[PDB]
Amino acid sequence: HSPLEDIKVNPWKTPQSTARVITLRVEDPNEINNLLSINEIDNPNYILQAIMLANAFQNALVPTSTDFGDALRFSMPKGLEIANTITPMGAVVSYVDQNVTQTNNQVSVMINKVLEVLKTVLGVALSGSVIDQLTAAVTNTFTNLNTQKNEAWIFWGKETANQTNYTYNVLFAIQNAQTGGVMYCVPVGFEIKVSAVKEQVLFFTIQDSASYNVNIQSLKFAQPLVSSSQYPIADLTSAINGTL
C-alpha cells in the first residue's frame, strides 16, 4: 500500500541463481565407483555422457605407496592411458601433477592454493561457469569431513600422533555455453598429509590452522557431445550401476 519508488539499480549485487541442484546417493551400486561426481550441465540430455566418463576414469584410480597407507587416488599418468581407450574418442587438453605445501596457515589459505591449481587446469572461462561448485568441492576436501569420512571417494591412510594421511577423489563434468560442442571432464586425485590427528581433521573448519603437504593429480578431457534423449532410462540406470 506504499508509493512505487523509481528503480535504484546496483550493478554489483549478484542476482539469485535459477540453477536446479539434484544430488543422488545410489545405495549398493552393482559396480563400485570411488569418484565423487560433480556435474555442471545446462542440458540433462548429456547426463548419461557425464556418468559414462566417470565410469571410465574409475579405472585410472591407483593405490598409494605403502608408506602413505591403504588408499586409492586418481593417477594422472594412468588417466592419460585410460583417456586413449575412451569412446567416443576425444582429446586430453591439459594435465597436472604438482605438490602444494603450507606451514601454520589457515585451512582457507590451503583451499585457495588448491583452487589456483584447478583454475589453471580449467581456464578462466571454464572456471567462471563452475566457480561455486569448484570452491565448495575444494572446501569439502579439507573440511566437512565428518559426514564424508566413510564415503566411497575418501580413503584414510597412516594415522600418527602428529599427522594424518588421506586421499580424496572428485570428478567435474562440465557442459554449458563455455564448452560448446564438447563436454569437459576433470578428474582430481588428492593425496593429503596434514599436521593433525584424525579426530581433529574430521572437524577442521576454514578458520583452523594446519600445515599441509598435498599432491594434486588431474587432467582435462574434452569429449564431443552425444545426446541420449532417444535412449531408454534403463540405459542411464545401467551407466550409474557401471554395467552399461
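Position 1 is the first residue in the sequence shown; the rest follow in order.
As listed in the deposited structure, the average C-alpha B-factor of 30 to 38 and of 174 to 182 is greater for 174 to 182. Stretch comparison (66 to 74 versus 187 to 195) by mean CA B-factor in the PDB entry places 66 to 74 on top.
Between the residues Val130, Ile111, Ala152, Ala161, it is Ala161 that shows the highest Cα B-factor in the PDB record. Within the group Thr135, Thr103, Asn169, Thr147, the record's highest C-alpha temperature factor is found at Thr103. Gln207 sits in the highest third of its chain by CA B factor, as recorded in the PDB entry. In this PDB entry, the Cα temperature factor of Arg25 sits in the bottom third of its chain's modelled residues, the lowest group.
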